[PDB]
């Protein structure tokens, strides 16, 4: 009904823009596939729907929509449920296509990612590359150091991620200081397999 019509109407607008700007069909297709994998044919207004609810109801809905992501992630599964809820509310859903570069080395990161579904390559230049999958996260090192990306991260497949900005990261750890160490440990651990400590 109203959701499907909101999508096909918006996809329509997108299909016109591509034509006006005469984009390569090499590109229009990526755009088309992105739209499928991101919306599945139904477009809502989360900002509006969720903005119109009380905070307790948002937390109940968000905790449910992410119950599976939470169950796969050691960081959460054993944490205070209020820490978890406080992080889920600050995350933003992002989809990434096979080949896409989620993060670039040398760059100045301002956000991290939690993998809901998909596989990503951590090409840490030189050698000793790595793969992370569902339940893992990355991009935290810059949120702690405030330096530059230690590696690059490329979608091997369609990824569903949840990003968290440095602002929201520090705001959560301000409230739950205990949980910083959980991040530090995995960070310094990851830096050891490279150059950091």
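Positions refer to the first chain, counted from 1.
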query: Residue stretch of maximal mean CA temperature factor, 26-34 vs 160-168; finding: 26-34
query: Segment of higher mean CA temperature factor, 170-178 or 15-23; finding: 15-23
query: Residue 81 - which third its CA temperature factor falls in, relative to the rest of the chain; finding: lowest
query: Record-listed C-alpha B factor of residue 122: chain third; finding: highest
query: Third of chain Cα B-factors occupied by residue 58; finding: lowest
query: Chain third (lowest, middle, highest) by recorded CA B-factor, residue given as residue 152; finding: middle
query: Residue 41 CA temperature factor, ranked by third within the chain; finding: highest
